[PDB]
Amino acid sequence: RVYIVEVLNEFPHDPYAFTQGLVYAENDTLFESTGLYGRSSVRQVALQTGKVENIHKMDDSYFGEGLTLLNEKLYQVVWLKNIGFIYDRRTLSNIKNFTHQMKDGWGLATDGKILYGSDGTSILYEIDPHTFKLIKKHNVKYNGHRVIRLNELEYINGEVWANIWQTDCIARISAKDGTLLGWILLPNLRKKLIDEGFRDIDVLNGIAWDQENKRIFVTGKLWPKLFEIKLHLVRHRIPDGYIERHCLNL
Ligand SMILES: *[C@@H]1O[C@H](CO)[C@@H](O[C@@H]2O[C@H](CO)[C@@H](O[C@@H]3O[C@H](CO)[C@@H](O)[C@H](O)[C@@H]3O)[C@H](O)[C@H]2NC(C)=O)[C@H](O[C@@H]2O[C@@H](C)[C@@H](O)[C@@H](O)[C@@H]2O)[C@H]1NC(C)=O
Ligand SMILES: [Zn+2]
């Protein structure tokens with residue numbers, strides 16, 4: 001299954017937020033982890049305005065990565081480290097750390113019980129948020145190909161959607177066996193933004209799922225907008241290798 005996305009709503013997103021983690025909490029409150037050394041943060045963000053309502057400015061040495069919210073705690077990984085940070089969502093104080101056993105800290109998501117982690121390999125890791133042991137590694141594959149570059153993750157309805165870094169695709173990955181359930185192609189978002197003059201926006205990255213209202217939000221790094229998107233199943237035939245080219249970059 002391949003989906004395209006329709007933007008239902010655009011919201012401002014801090015165009016300087018190098019989004020590496022995107023969480024929808026509730027009531028139009030997002031949490032975001034931004035990367036870049038010196039700019040990494042965990043943020044509480046108002047969906048409607050993209051206003052940063054609360055920010056934990058990370059140490060300059062960290063490059064904020066995936067973020068998810070689990071049991072009122074934000075779990076964040078960081079780039080080129082196996083350390084994770086846990087923040088109380090209310091104050092964004094780093095209350096606890098963890099380590100994970102991924103190769104890197106890219107994305108995080110949660111099904112509300114466990115953490116899913118990505119490290120940019122094709123492994124979607126299930127991480128126990130108590131022990132921070134790996135529960136399971138899903139080797140995400142599509143058409144025999146590793147779906148590497150699983151980046152920002154979002155658990156949505158039993159699936160973990162993963163931005164695929166440097167694509168405008170999101171992989172829908174079965175939380176059951178890492179099956180690539182579907183590809184979401186979102187080239188329109190970046191393209192339109194670039195058309196609007198946001199020419200140096202970085203990659204699509206950041207998926208947040210609002211289970212309460214059933215809203216998918218996606219944004220990207222340094223994107224000035226965050227998009228509520230609706231997926232539409234592509235019903236037409238997709239060229240062979242299309243996904244491999246666009247989502248797997250070969
Ligand atoms: C999460 O993990 C980070 C990274 O290790 C912790 O921050 C680090 O905490 C170290 C232990 O306190 C800090 O090193 C100490 O610094 C002081 C001042 O120079 C020295 O006196 C002492 O001997 C240690 O060297 C280290 O600086 C700090 N690293 C960074 C990049 O901030 C973090 O600890 C928590 O946050 C930091 C910012 C401090 O407030 C710590 O006291 C606090 O524990 C770990 N978080 C948790 C909740 O464990
Ligand atoms: Zn997310």
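Here Cβ is always computed from backbone atoms with ideal geometry, including for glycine, and neighbour counts include all displayed protein chains. A short reminder: the numbers here are calculations on the coordinates, not readings from a lab.
Of the residues making up the range 19-34, those that are touching a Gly at 6+ places or on another chain (Cβ under 7 Å) and either surrounded by fewer than 24 Cβ atoms within 10 Å (Cβ to Cβ) or of a type in the set (S, T, N, Q) (or both) are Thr19, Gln20, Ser33, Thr34.
If the condition is being surrounded by fewer than 16 Cβ atoms within 10 Å (Cβ to Cβ) and in contact with a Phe, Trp or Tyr (Cβ under 7 Å, 6 or more places away or on another chain), then the range 81-124 contributes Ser93, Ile95, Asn97, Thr99. All of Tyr116, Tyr87, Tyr125 fail the test of being farther than 26 Å from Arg146 by Cα and of a type in the set (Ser, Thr, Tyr), apart from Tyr87. Taking the criterion of being surrounded by fewer than 22 Cβ atoms within 10 Å (Cβ to Cβ) and either assigned to a loop (DSSP other than H, G, I, E, B) or not aromatic (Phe, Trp, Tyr) (or both), the residues of the range 130-143 that qualify are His130, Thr131, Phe132, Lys133, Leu134, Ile135, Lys136, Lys137, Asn139, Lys141, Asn143.
Checked against (1) under 16 Å from the mean Cα position of the chain (by Cα); (2) among the aromatic types (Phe, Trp, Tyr); (3) surrounded by fewer than 24 Cβ atoms within 10 Å (Cβ to Cβ), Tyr37 passes all but a single condition, namely (1). The single condition among (1) within 16 Å of ligand 2 (Cβ to nearest atom); (2) in a loop (DSSP other than H, G, I, E, B); (3) closer than 16 Å to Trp106 by Cβ that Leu67 does not satisfy is (2).
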